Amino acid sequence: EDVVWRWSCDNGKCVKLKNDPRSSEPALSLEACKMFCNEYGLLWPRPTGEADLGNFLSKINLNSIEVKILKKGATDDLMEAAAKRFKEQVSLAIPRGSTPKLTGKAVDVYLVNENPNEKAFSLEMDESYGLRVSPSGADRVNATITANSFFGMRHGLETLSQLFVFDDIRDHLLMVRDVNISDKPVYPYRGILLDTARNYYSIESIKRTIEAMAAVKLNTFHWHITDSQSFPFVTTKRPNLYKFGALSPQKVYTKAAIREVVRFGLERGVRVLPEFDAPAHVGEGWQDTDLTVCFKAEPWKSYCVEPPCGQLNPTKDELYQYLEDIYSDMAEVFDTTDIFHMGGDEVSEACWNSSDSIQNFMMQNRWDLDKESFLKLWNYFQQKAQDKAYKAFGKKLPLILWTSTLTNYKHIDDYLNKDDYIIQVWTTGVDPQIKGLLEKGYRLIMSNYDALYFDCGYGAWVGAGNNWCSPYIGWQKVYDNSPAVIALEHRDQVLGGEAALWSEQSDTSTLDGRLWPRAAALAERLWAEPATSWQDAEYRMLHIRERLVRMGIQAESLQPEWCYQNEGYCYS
């Protein structure tokens, strides 16, 4: 039947009241109240510059929205795709099953791309935009988006779609009447790491992930595509790696599938950044090559962080021929990325020391067999691997390594340099390594495990109890985790942050819940770096969760819906 309630703004809270017939005051639907009762309405993330939403809503005709591209260029196809996608975005205001009345004003959306040829991802790219909405004539609306690039422009389209509300009391589609917004992200790298080697993820699920990322302006999909458990990446030059390495013949990422994901990303302002983790975290796929050591080594606890063990043998010249080929095949299909992730996490000394061929190589080259001499071998590997990476991508490009024994700030300059290597941090946000690295001029991607590890909290996957980084990290904690606080005066060296979904206990079935809506908390933190805390964003976070669900995302539930309908009553 019909909705029985109405909402009224009182001290920044929409209070549910009986919609009693004996009243001359127009009843407000829940979302209509929220749009003006909340400081930033229903927007997520909130803008960084002008955020003027005015006071009124206008009824609009869904079938009368026209998008006009005013400046043509090389991004024509991307702008046209983004425009076509806009009506679809607007319909997300309308709950499934409900139908708006096809009456009201026509909306003219004007897209002004200041540099219409620009379509490359880069850390220096301009993601800023201006958004203005105002009445136009008697019967229409003028929505104008102005941006320096396509990427800023499609962010602007995202924000604009959030300015539509469905009045489910009257069945009207509404739009904010008077809008002045200026906006740009605080950090250029706003990412999610997806491990697709510990478990397989359907390419459908990967695209869906990119859809939700774009909804909250996340711009980087870090595809951790290989590990010791599987090799799903289809390398044409070294086909045995995926043939032996895949969990099944269908659990694979073909060139055509990767091209699809990469293009799907590009259209949505998301760079797809591949990782080949080396020289640890290899195993499956490398059988019969003699290019690994310790694969499935037992007892595993003596040789690696988690089963199965397995590491590359850096002493074999043929290895770098394989690496060159893998990197070249990656470069071919991951052709929007400006950066390459080379892993470098958790290298085992004990594993390398257990190999005869490796020991013979070190003794003959005048190195000892102690813990620090294996760091020489690691450098030897990384330098040669690095060379192949540059050759593959046809240029010098920034490379990423995880924090590790190698990247210890005390000796990092012996092996790496700050211009060539970005460091992905997965220590606590308080670990001494962060300041030490920043003082040496290094650029960081923040993935501190106490706030940004989305896999934490579930049961143990080896033995019993809970997994290693438990407890489960609530959105409140990921929201309050501030790179500006962690880095202080060196904050410009922080390129941004990344939520990590390791997949020992996640796959196609669970990725919607793992990522959403928690990655939206990171999205606002990185977009706006608010001085305010999670409580000030709580109401808008509850709304963005509902929006993801309307998109078809199986997002985690945060609170009873009663709390969403009754702001202020659920607190501690």
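Quick note: we count residues from 1 along the sequence shown, nothing fancier.
- The stretch 425-433 shows the higher mean C-alpha B-factor when 205-213 is compared against 425-433 in the entry.
- Of the two segments examined, 93-101 and 155-163, it is 93-101 that shows the higher average Cα temperature factor in the deposited entry.
- Taking only the listed residues 458, 276, 415, 242, the entry reports the highest CA temperature factor at 415.
- Residue-level inspection of the entry shows that, of 281, 376, 237, 268, 376 has the top Cα B-factor.
- Residue-level temperature factors show residue 556 in the lowest third of its chain, judged at the C-alpha atom.
- Annotation for residue 59: C-alpha temperature factor in the highest third relative to the rest of the modelled chain, per the entry.
- When the modelled residues of the chain are ordered by C-alpha B-factor, residue 116 sits in the highest third.
- Remark: residue 357 belongs to the highest third of its chain, ranked by C-alpha B-factor as recorded.
- Annotation for residue 491: CA B-factor lies in the highest third of the chain's modelled residues.
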